[PDB]
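Residue numbers (the deposited numbering), protein chains in the order written: chain A, 540 to 668, 678 to 715, 722 to 784; chain G, 258 to 343; chain Z, 20 to 70, 90 to 134, 164 to 335, 345 to 437, 446 to 490; chain R, 686 to 856; chain X, 1114 to 1176, 1187 to 1243, 1254 to 1284; chain B, 2 to 120.
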Ligand SMILES: [Zn+2]
Ligand SMILES: [Zn+2]
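Encoded structure:
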C-alpha cells in the first residue's frame, strides 16, 4: 500500500536488559503452579522468562515507545486470554501507521490525541515551501502497528463520523454502519491508503466490480507518458 | 562454432583411444576397467543425459549437454515440435 | 482552539507530512542504509580473524578506475550512459587501510550524492529531480531488488496432518540465528497415533539425527530425569487431567531410561555420548542460544511446544493459519545483499588462507566480491557462480521506465 | 432483511435453533442468514428492474439481449450483494472477527461480508475490501484450472485422432 | 465414493422402513457405541467393588477365571439411531473370542448399560490387546467401508 | 484417574497385585517403594465427550478492547458492564451461546435456555 513500510531490524538487549528490571522473573528460576496467572514473556521468538501483573508492564512499554525510547518500529502484543507477551524486533515486518485514540480526555469520552492545533501547526510548515512527521511520532500522536499487533486492537474508520454521540440522513449517499463501541484504540488516517500505486490512480474504484480495478492496475503499466524529464 | 553432439563423440572417441592404447601397452589389469566405464559413460551419456545416476556429464561452463534423446522429447522438440507442428 | 476535534479533510495534511519525510520509496532505501551503516560491519566481524584480524570498515562514495587516467569521482547519470556500475570502494583496517571489493550503492541512499543535493543542483547533474531513486545501476542498466516474502522465523506453529498418515499433529519452529552463519535447522515435535488408536506417543526430530526421539528421552537428556517434574515442564495446571492423561502413554515410552547418562547415550560408547551434547547445544532449538548453561531455558520451550501441540489435539485451539501476514517476512534490499556479502566474504577469507598456507617464508583478490555482487544484481541469480543454478531465479529486475507511476 | 437475520442471530445465541438436517448448528445458522440476504438482493433489485421505464438504455440492451442481465441492473442501481470465499461468507483471519475495525465475535452481515450499497452509491472501506477478496477468487481458479485444462484437452484429442466414420458406416 | 441405493418395490414411502435398512448397511462398530473402557481390580467374581454394578452380577449367577476386569459403558442414544440390543452386542463380543473370555451385561432397562468381563503370567498386558481387538476389529450391524449413510 | 508418583525417586507409578491379601498396589520400577491403591479405577478411555466451555479470564478481560460490551445485568452484582464471547472450544459442532463477564465481580453468566452451568 502507500502508507505501509517495513521493519529494518532493531536490537533486543536494550529491551531485554530493560525488562528483567521491571518485573520479568528469569526462566532459570521458574515454578509452574506457583504462578498460574503466569503471562510468560516473549521477545523475537524467545522465552526470556515470565512476569506477574502485566497490565502495567504493558502500558509502560507502550509509552516507552511513544516517546522514542523503544524504536517505534518494534512491535509488542499482549495476548491476555492466553497469558502471553509477544515482543518483536524482527527485520521484515510490514506495518502501517495510525492515529491513537487514548480516551485520556478528562473533558469527555474517548478521543484522538491529535488535535486541530497539531494540524494547523503542520500546514504551517507546508506554507514554508520544523514540525515534521518524526514529530507526530516522538510526540506519541500516531504509531506504527504491524499485522500481528493489529490483531489486539480496535480501529475507527473515520476520525469524525465514528466518534460523537447519537442525539435526516442524505437519500443519495451510501450507507455506513455505526459506531457501536467505545474501545477504539486507534483510527485510520484515511482508508484510501489500503491501495497501491496502481489503483491510487483509478477514480472512484469504489464504484466498480472489484475485478475491473484489478485489470486497470495492469495497464496503466502499458500506457505512455513522461517517465522522467531528463 | 561446433555442435554439442560433435563434442561428445569427440570425448567418446578420446576415451575410446585411451582405452585401446591400454591393452597394447603396460596393461595394469584392473586399472583399465577404470576407463572402460568412462567409455560406457560417454557412449551412454551421449544418447541420454537425464538419468537417475546423477552425474549430468556437464560440459565446461555448467552447460548440461544435449543428449540425442533430449532432442525428440516432446514439445519444443523433434517429434512434437518440428513434425506435428511446423 | 489548539485542542479541538479533527474533521475529514484534516487527515490528509497529516499524510502529506507522511511522505514529506518518507517518500514513496522509504522501504527500499532504509533497508540499504541499514545494511551499509550497521549490518555491513557486523558481517565482517564474526568468523573473520584467522590462524590476522579485521577492524572497522570504510564506505567511500562512488568513484571510477580506468587505465590512462587518475580516478574520477563518479555519479549516476554518467554510469548509466557509460554503462558503468554505481559502486563504491570498500576499505577495512586489516591487522598483521585495505581495498576489498566494490559495493554497488543504491541511488538516493546515504552514499549517493543525490541524497544531499537540491533541485537546481540536480539538473546540472542531468538527473531528473522527479526521479525517486531506490534502485541500482549495474553494468549500465537500472536494476531493482524485489521484495522477497517468506515464512517468518523462530516461531512455533502447530499443524494437523492428512488422514492417511501415522502422524496426527505437529508443532514446527524454524530456527535461524539472527547474526552469524545463519543455520536453518527445523525442530519437529510430532504426535504419532491418530485420533483413537492406543499409544498416542509424542516424538520429535533433531538435526543430524536419523531417527526421531520421544520428548522424554530428550527431556532427561536435558538434565530433567524425574518425570512429573517433566510434566511440570509440560503441564502448567494440574487441574487439566485431559492433557495430563495424554502424556501418560508417553512417559511409558521413555521408561527404558532413568538418568542423564543414558539419555544422551540413545542419541547415536563414550564416542556417541559426546556427539549428542554438541547437537543439543549448537543444533537443538539453536535460536535462544547455543552456548551451554541453559538446559533449563531450552527444556521449558520444548515443553511450550508440546503444550501448544496438544492444545490442538484437544480441540482447544484451531490449527495455525499459515497465511497470517504478521508471520510473513519481506526480505528487502539490504537483507538480500547481506546474505550475499556473507557467503562471499567467506570465500575471500578461505582464500586469504591459501596465501599463508603456501608462505614457506598483496594476496587479496578483492575482485571476488566486486564481481560477485555484480553477477547477482546483474542477472538475479543470487546464490552465486560455478556449476549450479543454485540461486533463486528472478531477483533484481530492470526498473520499469514506462511511465512515472509505473 | 437484517432483522430477519438478527432474529435468527439471538435465536441462536439463546440455543433455540433446530439443528436441522443441515448438520451442525452453526452450519445450519449460516444457511439461514445467507439465504436471507441473497433473497433480499435478488428481490431488492426485482424492484429497480421493474421501475426502470421501457426507455432505459441498459434495460434495452438487456431486452434485445445484446448485452446485460438483470443482475447487472441490481448490482448497479439496487445493491451489490454478499461476497464469498469457498462459499462460507468472509471468514475470521482476524482472530474471531473480520477487520480490526470490528468487535470480536460479531456475526452480523456487515462483517461476514455483505455489500449493501449499489455500485452507484459506492462501497465502503470494509465493503470494498471484502468485495475484493471475493472477486480475486475467480482470477485464481483460472490460474490453476488453466494448468490442467490444457492437458485434458490434448489427451482426449490425442486419444481419438484416428477415429473416423468409414465407408461401411462403421466407426 | 458414494453409492445411492433404492428400496425394494412396494417398500417405498415407508418412512420407518428406511432406518430399518439404514442400520442394516451403515457399518457399525463397538467403538461407535461405547462411551468408555475401564480396567478395574475386581477379584471377587461374585461382587463388584462398584456400586452401580451390583444388581447386574446378582442376575447372572442365579440362572478358574481372572481378577482383572474390563468394563464398557455404552451410549443409549447410539443404540436406537442404529437399532440394537445389549443381548446382540455382547452376544457378538462373546462369539468373537468364544470359549476363553467371560462376559456379562446389564439389561435394556438399566439407566446405565454396561459390559463386564475377565480373561481366563501377565494379565494386564494381554487385557489391552483385547482392549483394541474389541474396538476396531469388531463389527455389529452393517457392511465394511460404508461409513455414514442417509435417507 | 488422578494418578500419582512416589517420593524420593519421583517417577511413574505402575500397579501390581497383592495375591495373598487380595488388594491393589502401585509402585516404582526404578526404586523399590510401594503404596496402597487409592481406588479400584485403573483406567478410563472416554470416547464420546460432552464439552461446553468458557475461557479462563485472566481478570484483565476488561482491558482487552477487541471485545464487545453489553448492557445486561448479572445474577448477583447487577452491574451493567459486560464483555462476551464464545466457547473457546475450536470445535465445529459447538453451539453459539454467549459467556458474558462482570467487570465489577468476575462472574461467568450464560444466556442459555435449556442447560444450566456453574462452571
Ligand atoms: Zn519411586
Ligand atoms: Zn456481577
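Here a beta-carbon is modelled for each residue, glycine too, at the ideal position from N, C-alpha and C.
Residues proximal to ligand 1 by C-beta, any heavy atom closer than 5 Å: Qualifying residues come out as 7(B), 10(B), 29(B), 32(B) and 34(B).
Complete runs of the alpha helix (DSSP H) confined to the region 712–768 of chain R [at least 4 residues]: Note on the region 712–768 of chain R: whole alpha helix (DSSP H) runs with a minimum of 4 residues are 742–748 and 755–762, in chain order.
Contact set between residue 392(Z) and chain B, taken where Cβ atoms lie within less than 8 Å: Chain-order list of chain B residues neighbouring residue 392(Z): 89, 90 and 91, by C-beta distance under 8 Å.
Touch test, the region 196–208 of chain Z against the region 42–49 of chain Z, Cβ-Cβ under 8 Å, three pairs minimum: The region 196–208 of chain Z, when compared against the region 42–49 of chain Z, does touch it at the 8 Å Cβ threshold.
Given residue 689(A) as reference, the closest of 665(A), 632(A), 611(A) and 734(A) once Cα atoms are compared: Ranking 665(A), 632(A), 611(A) and 734(A) by Cα distance to residue 689(A) puts 611(A) first.
Proximity test, residue 108(B) beta-carbon vs ligand 2 heavy atom, cut-off 7 Å: Checking every heavy atom of ligand 2 against the Cβ of residue 108(B), one is found closer than 7 Å.
Integer-rounded CB distance, given that residue 92(B) should sit under 8 Å from residue 1149(X): Distance from residue 1149(X) to residue 92(B) at the Cβ level is roughly 20 Å; contact not present, criterion being Cβ atoms closer than 8 Å.
Alpha-carbon to alpha-carbon, residue 483(Z) and residue 779(A): Residue 779(A) and residue 483(Z): Cα-Cα distance of roughly 16 Å.
Limits of the unbroken beta strand (DSSP E) element including residue 696(A): Counting along the chain, residue 696(A) falls outside any beta strand (DSSP E), though it belongs to the alpha helix (DSSP H) covering 696–699.
Residue 748(A) versus residue 771(A) - alpha carbon distance: Looking at the backbone, the Cα of residue 748(A) and that of residue 771(A) are separated by about 14 Å.
Alpha carbon of residue 486(Z) to alpha carbon of residue 321(G), nearest angstrom: If I take the Cα positions, the gap works out to 37 Å.
3-residue-minimum beta strand (DSSP E) runs that sit fully inside the region 217–302 of chain Z, ordered along the chain: Look at the region 217–302 of chain Z and you find these whole runs of beta strand (DSSP E), each 3 residues long or longer: 223–227, 236–242, 252–256 and 270–272.
Touch test, the region 407–414 of chain Z against the region 369–377 of chain Z, Cβ-Cβ under 8 Å, three pairs minimum: No contact exists between the region 407–414 of chain Z and the region 369–377 of chain Z.
Given residue 1173(X) as reference, the closest of 1160(X), 1194(X), 1136(X) and 1116(X) once Cα atoms are compared: For residue 1173(X), the closest alpha carbon among the candidates 1160(X), 1194(X), 1136(X) and 1116(X) is that of 1160(X).
Residue 318(G) - DSSP class collapsed to helix/strand/coil: Residue 318(G) falls in the coil class under three-state DSSP.
Where the region 695–724 of chain R meets chain A: residues whose CB sits under 9 Å from a CB there: Cβ proximity to chain A below 9 Å picks out nothing from the region 695–724 of chain R.
CB contact check: residue 42(B) to chain R, cutoff 8 Å: No - not a single Cβ of chain R is within 8 Å of the one on residue 42(B).
Backbone CA spacing between residue 686(R) and residue 722(R) [nearest angstrom]: Residue 686(R) and residue 722(R) have their C-alpha atoms roughly 6 Å apart.
Contact test: residue 80(B) Cβ vs ligand 2 heavy atom, cutoff 7 Å: The answer is yes for residue 80(B).
Cβ neighbour criterion (16 or more within 10 Å) applied to residue 1171(X): By the neighbour-count rule (16 or more Cβ atoms within 10 Å), residue 1171(X) is not buried but exposed.
Nearest-angstrom Cα separation, counted from residue 25(Z) out to residue 627(A): Each residue's Cα considered, the two are about 32 Å apart.
Three-state secondary structure assigned by DSSP to residue 287(G): Here residue 287(G) sits in helix by DSSP.
Cβ-based burial, residue 830(R) [other Cβ within 10 Å; buried from 16]: Counting every other CB atom within 10 Å of its CB across the protein chains shown gives residue 830(R) a total below 16, marking it as exposed.
Residues bridged to residue 1240(X) [DSSP beta-bridge criterion]: Bridge partners of residue 1240(X): 1226(X).
Where residue 274(G) falls, given that 16 or more other Cβ within 10 Å makes a residue buried: The Cβ neighbour count for residue 274(G), taken over all protein chains shown within 10 Å, is under 16; the residue is labelled exposed.
Coarse secondary structure for residue 54(Z), derived from DSSP in three states: The answer is helix: DSSP assigns residue 54(Z) an H, G or I state.
Cβ distance (whole Å) where residue 1240(X) is taken to contact residue 1273(X) below 8 Å: For residue 1240(X) against residue 1273(X), the beta-carbon gap comes to about 17 Å, at or over 8 Å, which does not count as contact.
Contact list for residue 702(A) against chain B, beta-carbon separation under 7 Å: Those within 7 Å of residue 702(A) in chain B are 66 and 67.
Residues sharing a beta bridge with residue 740(A), DSSP: According to DSSP, residue 740(A) bridges with 639(A) and 703(A).
Any non-hydrogen atom of ligand 2 within 7 Å of residue 105(B) CB: Correct: residue 105(B) has its Cβ closer than 7 Å to ligand 2.
Residue 788(R) burial status per 10 Å Cβ neighbour count (16 or more: buried): Around the beta carbon of residue 788(R), a 10 Å sphere encloses 16 or more other beta carbons of the protein chains shown; the residue is thus reported as buried.
Check: residue 75(B) C-beta below 7 Å from any heavy atom of ligand 2: Residue 75(B) Cβ: within cutoff of ligand 2.
Buried versus exposed, by CB contacts within 10 Å (16 or more), residue 1205(X): By the Cβ neighbour-count rule, residue 1205(X) is buried, with 16 or more other Cβ atoms within 10 Å of its own.
C-beta contact flag for residue 593(A) and residue 304(Z) at 8 Å: Judged by their CB atoms, residue 593(A) and residue 304(Z) are not nearer to each other than the 8 Å cut-off.
Assigned secondary structure, residue 650(A) (DSSP; H/G/I helix, E/B strand, else coil): In the structure shown, residue 650(A) sits in coil (DSSP, three-state: anything other than H, G, I, E or B).
CB contact check: residue 648(A) to chain R, cutoff 8 Å: Output row for residue 648(A): interface = no.
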